[PDB]
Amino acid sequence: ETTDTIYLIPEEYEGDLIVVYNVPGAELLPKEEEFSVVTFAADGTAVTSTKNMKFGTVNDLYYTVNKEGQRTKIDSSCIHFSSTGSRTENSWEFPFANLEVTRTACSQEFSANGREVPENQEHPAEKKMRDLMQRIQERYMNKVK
């Protein structure tokens, strides 16, 4: 068994990426063949009602997309898989994934560690996540079950 996920990144984007699952009201991940398709918004965020991500041998594919939706494959060395987890708001669990993309510095070093960031400062993805959760709670959870 494999991860079978396709990630579509806006071509002009560079940086941290976040996918949040099990978000009610959100769209489900479309399927193309055996792959689930994650489409990131211009801010590198993706929200879906799909219950969770897949676990298994990583065989994900990554592409950048222009405004018209035409895809351009990116090498794995341009992608860094940072972390996964779950966040509980109220009693509802949202699994999530943190990735990072580059156009400038594709390399094995990047794939393993992502971009170099300041020492004591929190990682920029923490803020992106912090803000994304708020957007989620406001747009999708606001006085609803």
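Numbers follow the displayed sequence, beginning with 1.
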Checklist outcome for this item: Ranked by mean Cα B-factor in the entry, 28 to 36 and 45 to 53, top stretch is 28 to 36
Checklist outcome for this item: When mean C-alpha B-factors in the record are compared for 98 to 106 and 80 to 88, the larger belongs to 98 to 106
Next on the checklist: Please place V144 in the lowest, middle or highest third of its chain according to the CA B-factor in the PDB entry.
Outcome noted: highest
Item to check | Chain thirds of CA B-factor: placement of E119 | outcome: highest
Checklist entry - Lowest, middle or highest third: where is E93 by C-alpha B factor in its chain? => result lowest
